[PDB]
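Chains, contacts and geometry: an overview
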Amino acid sequence: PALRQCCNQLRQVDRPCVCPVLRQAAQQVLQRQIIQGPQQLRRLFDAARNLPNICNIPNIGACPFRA
Amino acid sequence: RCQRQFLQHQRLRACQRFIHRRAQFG
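Numbers attached to residues count from 1 within each chain as its sequence is written and can disagree with those in the entry; no residue without coordinates is shown. Going through the entries in the order they are written, you letter the chains from A and number the ligands from 1. The basis for the side-chain values is all heavy atoms of the structure; hydrogens and waters are excluded.

Method of determination for the deposited model, per the PDB record: X-ray crystallography, at 1.70 Å resolution.

1. Examining the side chain of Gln9(A)
Only DSSP runs of H or I with at least four residues qualify as helices, and only runs of E with at least two residues qualify as strands; both kinds are numbered from the N terminus onward. Summarising the element assignment, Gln9(A) is placed in helix α1 (residues 2-10). The contact rule is simple, with two residues in contact once any of their heavy atoms fall within 4.5 Å. Those residues in contact with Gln9(A) that sit more than four places away from it in its chain are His9(B), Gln10(B), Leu12(B), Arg13(B), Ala14(B) and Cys15(B).

2. Some thoughts on the interface of chain B and chain A
Note: interface size is frequently given as the accessible area lost on complex formation between the parts. At the interface, 23 residues of chain B touch 28 residues of chain A. Across the interface of chain B and chain A, roughly 2,300 Å² is buried in total on both sides, 63% from carbon and sulfur atoms. Think of a salt bridge as a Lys or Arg side-chain nitrogen and an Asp or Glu carboxyl oxygen that are within 4 Å of each other. Linking chain B with chain A are zero salt bridges. Whenever a nitrogen or oxygen atom comes within 3.5 Å of another N or O atom, the pair is scored as a polar contact, on the condition that within protein one atom can donate a hydrogen and the other can accept it, and that pairs from neighbouring residues in sequence are kept only if both atoms are in side chains. Linking chain B with chain A are eight residue pairs in polar contact, by the criterion used here. Looking at the side of chain B that touches chain A, the elements that each hand over two or more residues are α1 (2-8) and α2 (13-24) of chain B. If you tally residues by element for the side of chain B that touches chain A, the top one is α2(B), at twelve residues. Residue type decides the class: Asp, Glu, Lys and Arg count as charged, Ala, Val, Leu, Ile, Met, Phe, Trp, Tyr, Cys and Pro as nonpolar, and the leftover types, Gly among them, as polar. When the residues that make up the side of chain B that touches chain A are grouped by side-chain class, the tally is nine nonpolar, eight polar and six charged. A 1.4 Å probe defines the accessible area here, and the buried area is the portion of it lost by two parts on being joined, summed over both.

3. What about the side chain of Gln40(A)?
With respect to the helices and strands, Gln40(A) occurs in helix α3 (residues 38-54). Relative accessibility decides the category of a residue: with a 1.4 Å probe and only protein chains considered, values under 20% of the type maximum give buried, values over 50% give exposed, and everything between is partly exposed. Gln40(A) gets classed as buried once you look at its relative accessible area, which sits at 3%. Ignoring any residue separated from it by four or fewer positions in sequence, one finds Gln40(A) in contact with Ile34(A), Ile35(A), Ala23(B) and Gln24(B).

4. Notes on unusual backbone geometry
Where the residue is not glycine, phi is negative for most of them; where a peptide bond is considered, it is trans in most cases. Residue and element names in this part refer to chain B. A positive phi angle is found at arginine 11, which is not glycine, with a value near 50°. In this structure, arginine 11 sits in the loop between α1 and α2. On the basis of relative accessibility, which here comes to 41%, the residue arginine 11 falls in the partly exposed class. The backbone phi angle of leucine 12 is positive, close to 45°, even though this residue is not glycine. Tracing the chain through its elements places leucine 12 in the loop between α1 and α2. We classify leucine 12 as buried; its relative accessible area is 0%.

Set out below in structure tokens:
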């Protein structure tokens, strides 16, 4: 399970580093994968931004980092 | 640093797979 493992890892990083590491994870997918267009790029970053909530990380909401 | 933790946790490869699937599907 990708999500499960993802949340396990995200819970080990310092809370103030949660969004910065997710921004880097998003950039890695953008760089390493073929991102077809504007729509896919949007979904990629939406997915990354929402992980703190999807993973139920205490006091951290969706990361407002830019695409 | 944050960039360091990213690298030391396999660049959050599991998160990358999840993000990539969401980008391709939905």
